[PDB]
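Fold and contact review
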Amino acid sequence: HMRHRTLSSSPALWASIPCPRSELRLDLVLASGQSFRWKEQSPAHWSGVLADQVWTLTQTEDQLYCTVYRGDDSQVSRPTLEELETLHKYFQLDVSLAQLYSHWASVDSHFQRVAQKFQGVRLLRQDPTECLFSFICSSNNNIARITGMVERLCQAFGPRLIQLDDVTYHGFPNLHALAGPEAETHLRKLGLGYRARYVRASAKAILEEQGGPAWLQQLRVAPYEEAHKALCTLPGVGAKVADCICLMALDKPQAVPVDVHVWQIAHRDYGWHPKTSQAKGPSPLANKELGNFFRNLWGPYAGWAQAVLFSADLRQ
Ligand SMILES: Clc1ccc(Nc2ccnc3[nH]ncc23)cc1Cl
Ligand code: NI
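Residues numbered from 1 in each chain as written, not as in the entry; some residues may be left out. Chains lettered and ligands numbered in written order. Heavy atoms only, no water.

1. Focus on the environment of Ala205
- Its place among the elements puts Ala205 in helix α9 (residues 195–210).
- The class of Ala205 is buried, set by a relative accessible area of 15%.
- The spacing of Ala205 and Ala179 is 26 residues in sequence and 8.6 Å in space, taken between C-alpha atoms. (Helix = DSSP H or I, 4+ residues; strand = E, 2+ residues; numbered from the N terminus. Buried < 20%, exposed > 50% of the residue type's maximum accessible area, 1.4 Å probe, protein only.)

In structure tokens, the structure reads:
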């Protein structure tokens, strides 16, 4: 039955949030390896799931337009105020990006040059659970393939929300669904390889060892360094994944995930090499040092600054 909407087709069903495109570019944020749940199903219209509902998003120079599909048969309508506040928080639109870009730009000429072309890169505020298991799937992987795994994971273990066209949207599973005796085998069947072990084992560990998803919520109010350390006790969660989660889901803007790509950017575009270590390649200690470097340079929103560069390095 139900079809993916565009702003032309069904304007009655859209609400808008004042938002300069220079504070937010959907095309630089939603598929730049923060969330893996957004797809441009028709041009300049992005559809994906947010907290148990499907949205479609598009924008002009000065407005962010959105529509919500509730599925569980309700009557069709525009977004409510509450839903719009959900969306405002997801894009952390209280935070001014113009001021951050200008502050980063003032100590960093490399940034200033790349930041001209790549405005409106900001950090999503994601659900901890979805973010943890998504980034467990990120090891030795690329966005396209991670997106594939996460999709199949959600279809197989998460509640069906709605279907639009040929796309069936599922909510992100809960810990208990991922912790079960078959979960690893099923996830292997779904193409996750060794990552399947870490999904099930981390689901199991968060439940039994940490008393379930309220623990992740506690980490949101815990300090960065305590949150990071705690996450690294989990199967398949090391410094990189923990930093992704910290930055993207636990409101730690100073977290800087270091993987082979941030290594590459740091060395190529900043001329950085490990100093306080001898070993010249990536290593846990050198990776830590690189994160410290960027905090030192950019300040307590270093992770946001890094996201600009990451997002810019994905486009040629
Ligand atoms: Cl395969 C893959 C996909 C996405 C990411 N994501 C990031 C890593 C570091 N800093 C970031 N800032 N914003 C996104 C992002 C990593 C991998 Cl390893
Ligand atoms: Ni060199």
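The discussion continues.
2. Here's the deal with the coordination of the nickel ion (ligand 2)
- Around the nickel ion (ligand 2), the protein contributes the donor atoms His267 (NE2) and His273 (NE2), which lie 2.1 to 2.2 Å from the metal centre.
- Judged by its relative accessible area of 38%, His267 falls in the partly exposed class.
- Judged by relative accessible area, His273 falls into the partly exposed class, the value being 39%. (Donors = N, O, S within 2.8 Å, 3.2 Å for Na, K, Ca; no water.)

3. Comments concerning helix α10 (residues 214–221)
- Here α10 has its buried residues at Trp215, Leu216, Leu219 and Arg220. Down the axis of α10, the buried side of the element spans an arc of 160°, and every buried residue falls inside it.
- Those residues of α10 hidden inside the fold are in contact with α5 (128–136), α9, α11 (224–232) and α12 (239–249). (Arc of directions from axis to C-beta. Contact = heavy atoms within 4.5 Å.)

4. Quick notes on the domain arrangement of the protein chain
- Looking at the assigned domains, one finds that the protein chain contains domain 1 (1–91), domain 2 (95–115 + 256–314) and domain 3 (127–252).
- Here domain 1 and domain 2 have C-alpha centroids that lie 30 Å from each other.
- Contacts between the two partners involve four residues from domain 1, matched on the other side by seven residues from domain 2.
- For the pair domain 1 and domain 2, the summed buried surface comes to about 420 Å²; carbon and sulfur atoms form 45% of the total.
- A per-residue breakdown of the area domain 1 buries against domain 2 is headed by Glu23, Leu28 and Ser32, which together make up 80% of the total.
- The interface formed by domain 1 and domain 2 holds three residue pairs in polar contact in total.
- Among the residues forming the side of domain 1 that touches domain 2, the class breakdown is one nonpolar, two polar and one charged. (Domains from an automatic or database assignment. Buried area = accessible area lost by both parts, 1.4 Å probe. Polar contact = N/O pair within 3.5 Å; in protein donor to acceptor, adjacent residues only side chain to side chain. Nonpolar A, V, L, I, M, F, W, Y, C, P; charged D, E, K, R; others polar.)

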